Amino acid sequence: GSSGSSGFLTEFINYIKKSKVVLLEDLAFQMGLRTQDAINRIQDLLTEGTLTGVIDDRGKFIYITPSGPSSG
């Protein structure tokens, strides 16, 4: 359990799970943050494994989460 002003990370991840299709360009717009900033966070989380996804030649983010059983 992370301590301090930790919340944007937890809320950001939860949003991705629910969100079927999330774009990096749109992500920064909705969150206000910059595209590069948003991408950096996604790449970091995906690198550690915290999140699993793939990027296409269109620099788009595609998350594939199992609908229904939220256990693992």
# chains A, B, ... in the order shown; residues from 1 in each chain; ligands from 1
call {"tool": "residues_around", "arguments": {"residues": "residue A:66", "least_positions_apart": "6", "cutoff": "12 Å", "atoms": "only C-alpha atoms", "output": "tab-separated table (two decimals) with N, CA, C and O atoms, in the first residue's frame"}}
result
chain	number	residue	atom	x	y	z
A	17	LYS	N	-8.93	0.04	-16.81
A	17	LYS	CA	-9.61	-1.25	-16.71
A	17	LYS	C	-11.04	-1.15	-17.23
A	17	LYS	O	-11.47	-1.96	-18.05
A	18	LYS	N	-11.77	-0.16	-16.74
A	18	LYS	CA	-13.15	0.05	-17.16
A	18	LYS	C	-13.22	0.52	-18.61
A	18	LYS	O	-14.07	0.07	-19.38
A	20	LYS	N	-12.68	0.53	-22.24
A	20	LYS	CA	-12.35	-0.48	-23.24
A	20	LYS	C	-11.22	0.01	-24.14
A	20	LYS	O	-10.19	-0.66	-24.28
A	52	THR	N	-1.05	-4.52	-18.92
A	52	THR	CA	-0.71	-5.24	-20.14
A	52	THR	C	-1.43	-4.66	-21.34
A	52	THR	O	-2.66	-4.59	-21.37
A	72	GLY	N	-7.58	-12.78	-10.10
A	72	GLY	CA	-6.30	-13.18	-10.65
A	72	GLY	C	-5.16	-12.95	-9.68
A	72	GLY	O	-5.25	-13.32	-8.51
call {"tool": "select_by_dssp", "arguments": {"residues": "chain A", "states": "strand (DSSP E)", "output": "ChimeraX atom specification"}}
result
/A:21-22,53-55,61-63
call {"tool": "closest_residue", "arguments": {"among": "A:3, A:71, A:61, A:10", "to": "residue A:27", "atoms": "only C-alpha atoms"}}
result
A:61
call {"tool": "atom_distance", "arguments": {"atom1": "atom CA of residue A:22", "atom2": "atom CA of residue A:64"}}
result
10.8 Å
call {"tool": "residues_around", "arguments": {"residues": "residue A:39", "least_positions_apart": "4", "cutoff": "7 Å", "atoms": "only C-alpha atoms", "output": "JSON, numbers by chain"}}
result
{"A": [24, 35, 43]}
call {"tool": "write_last_selection", "arguments": {"atoms": "N, CA, C and O atoms", "output": "tab-separated table (two decimals), in the first residue's frame"}}
result
chain	number	residue	atom	x	y	z
A	24	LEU	N	-3.86	7.68	-26.15
A	24	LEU	CA	-2.85	8.49	-25.48
A	24	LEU	C	-3.12	9.97	-25.68
A	24	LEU	O	-2.99	10.77	-24.75
A	35	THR	N	0.59	14.68	-23.66
A	35	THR	CA	0.64	13.38	-24.30
A	35	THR	C	1.88	12.60	-23.87
A	35	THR	O	1.79	11.43	-23.49
A	43	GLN	N	3.79	3.62	-20.22
A	43	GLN	CA	4.94	2.78	-20.55
A	43	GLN	C	5.61	2.24	-19.30
A	43	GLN	O	6.03	1.09	-19.25
call {"tool": "select_by_dssp", "arguments": {"residues": "stretch 1-58 of chain A", "states": "helix (DSSP H, G or I)", "output": "PyMOL selection string"}}
result
chain A and resi 8-18+24-31+35-48
call {"tool": "atom_distance", "arguments": {"atom1": "atom CA of residue A:29", "atom2": "atom CA of residue A:9"}}
result
16.6 Å
call {"tool": "closest_residue", "arguments": {"among": "A:67, A:6, A:32, A:13", "to": "residue A:50", "atoms": "only C-alpha atoms"}}
result
A:13
call {"tool": "atom_distance", "arguments": {"atom1": "atom CA of residue A:70", "atom2": "atom CA of residue A:56"}}
result
26.3 Å
call {"tool": "residues_around", "arguments": {"residues": "residue A:51", "least_positions_apart": "2", "cutoff": "10 Å", "atoms": "only C-alpha atoms", "output": "PDB file with N, CA and C atoms, in the first residue's frame"}}
result
ATOM      1  N   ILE A  13      -5.287   3.930 -13.204  1.00  0.00           N
ATOM      2  CA  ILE A  13      -5.295   2.520 -13.571  1.00  0.00           C
ATOM      3  C   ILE A  13      -6.717   1.971 -13.616  1.00  0.00           C
ATOM      4  N   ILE A  16      -8.524   2.820 -16.749  1.00  0.00           N
ATOM      5  CA  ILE A  16      -8.113   2.036 -17.907  1.00  0.00           C
ATOM      6  C   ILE A  16      -8.847   0.699 -17.954  1.00  0.00           C
ATOM      7  N   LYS A  17      -8.931   0.036 -16.806  1.00  0.00           N
ATOM      8  CA  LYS A  17      -9.609  -1.252 -16.713  1.00  0.00           C
ATOM      9  C   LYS A  17     -11.040  -1.151 -17.230  1.00  0.00           C
ATOM     10  N   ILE A  42       2.127   5.364 -18.762  1.00  0.00           N
ATOM     11  CA  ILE A  42       1.608   4.106 -19.286  1.00  0.00           C
ATOM     12  C   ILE A  42       2.738   3.125 -19.578  1.00  0.00           C
ATOM     13  N   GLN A  43       3.794   3.619 -20.216  1.00  0.00           N
ATOM     14  CA  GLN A  43       4.941   2.784 -20.554  1.00  0.00           C
ATOM     15  C   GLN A  43       5.608   2.241 -19.295  1.00  0.00           C
ATOM     16  N   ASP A  44       5.699   3.082 -18.271  1.00  0.00           N
ATOM     17  CA  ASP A  44       6.315   2.685 -17.009  1.00  0.00           C
ATOM     18  C   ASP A  44       5.495   1.598 -16.323  1.00  0.00           C
ATOM     19  N   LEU A  45       4.182   1.796 -16.274  1.00  0.00           N
ATOM     20  CA  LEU A  45       3.286   0.833 -15.644  1.00  0.00           C
ATOM     21  C   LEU A  45       3.266  -0.481 -16.419  1.00  0.00           C
ATOM     22  N   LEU A  46       3.313  -0.381 -17.743  1.00  0.00           N
ATOM     23  CA  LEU A  46       3.303  -1.561 -18.600  1.00  0.00           C
ATOM     24  C   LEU A  46       4.624  -2.317 -18.501  1.00  0.00           C
ATOM     25  N   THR A  47       5.704  -1.581 -18.258  1.00  0.00           N
ATOM     26  CA  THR A  47       7.027  -2.181 -18.139  1.00  0.00           C
ATOM     27  C   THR A  47       7.131  -3.040 -16.882  1.00  0.00           C
ATOM     28  N   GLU A  48       6.580  -2.537 -15.782  1.00  0.00           N
ATOM     29  CA  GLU A  48       6.612  -3.258 -14.515  1.00  0.00           C
ATOM     30  C   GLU A  48       5.619  -4.417 -14.524  1.00  0.00           C
ATOM     31  N   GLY A  49       4.704  -4.397 -15.489  1.00  0.00           N
ATOM     32  CA  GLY A  49       3.710  -5.449 -15.590  1.00  0.00           C
ATOM     33  C   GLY A  49       2.362  -5.031 -15.037  1.00  0.00           C
ATOM     34  N   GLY A  53      -0.666  -4.245 -22.349  1.00  0.00           N
ATOM     35  CA  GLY A  53      -1.255  -3.677 -23.547  1.00  0.00           C
ATOM     36  C   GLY A  53      -0.283  -3.638 -24.709  1.00  0.00           C
ATOM     37  N   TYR A  63      -6.066  -1.785 -24.421  1.00  0.00           N
ATOM     38  CA  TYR A  63      -6.071  -2.641 -23.241  1.00  0.00           C
ATOM     39  C   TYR A  63      -7.031  -3.812 -23.419  1.00  0.00           C
ATOM     40  N   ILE A  64      -6.552  -5.014 -23.117  1.00  0.00           N
ATOM     41  CA  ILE A  64      -7.369  -6.215 -23.243  1.00  0.00           C
ATOM     42  C   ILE A  64      -7.614  -6.857 -21.882  1.00  0.00           C
ATOM     43  N   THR A  65      -8.686  -6.432 -21.218  1.00  0.00           N
ATOM     44  CA  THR A  65      -9.033  -6.965 -19.907  1.00  0.00           C
ATOM     45  C   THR A  65     -10.221  -7.918 -19.998  1.00  0.00           C
TER      46      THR A  65
END
call {"tool": "closest_residue", "arguments": {"among": "A:25, A:58, A:40, A:31", "to": "residue A:11", "atoms": "only C-alpha atoms"}}
result
A:31
